[PDB]
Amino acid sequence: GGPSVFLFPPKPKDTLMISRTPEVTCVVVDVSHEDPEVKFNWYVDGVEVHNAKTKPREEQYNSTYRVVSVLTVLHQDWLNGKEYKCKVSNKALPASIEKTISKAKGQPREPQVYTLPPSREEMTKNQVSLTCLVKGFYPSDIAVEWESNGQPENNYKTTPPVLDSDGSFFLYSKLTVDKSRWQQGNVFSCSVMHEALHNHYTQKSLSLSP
């Protein structure tokens, strides 16, 4: 019946690059028309804060308003497991709605990042697959990119993180490049972002072995 609140973490890579600006987004839906006005309270670890930016309310094609409040989080605060509560109040609910969010909890484990060259049997086609193996990481939040002399290789696909038998995650990234490039001798680098890396970043280069 009453409104419903949803609270969304920042983008993983906004949290891992200190130059970016991570945000937590509080969304209330099913805002009626009779009792439309809603109040946001915000708390960082149970202490009230006032720097949130609420958006002007919008009307939905089901006879309902939508109101979003955005709060910037600090890079260190997010990574240090600080907890972000959004309180939503409306003279229509029996009581207020509270939703709390933080970064995935758990002891962090630093990834091991490995590059693997094409298979022997695959050395037949004109396009080949370059493999990044990333293993032993925790939490599951991660980002992977491939690059070659400055520019980005964007012909890649990365698997979702897979929960591994020790409680850590792994994944693979597959870079597809024209084979002549592999033989020419191009440098290809898989670059990984994860909290548990030094400065949340590492790079591994792959090359035609002599």
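Just count from 1 along the sequence shown to find any residue number.
Taking only CA atoms, the mean B-factor in the PDB entry is higher for 117 to 125 than for the other of 117 to 125 and 104 to 112. In the PDB entry, a CA B factor belonging to the middle third of its chain's modelled residues is recorded for residue 189. The PDB entry assigns residue 140 a C-alpha temperature factor belonging to the lowest third of its chain's modelled residues. In the PDB entry, residue 148 places in the highest third of its chain by CA B-factor. The deposited CA B-factor of residue 72 belongs to the middle third of values across its chain. Per the PDB record, residue ranking by Cα B-factor puts residue 80 in the lowest third of the chain.
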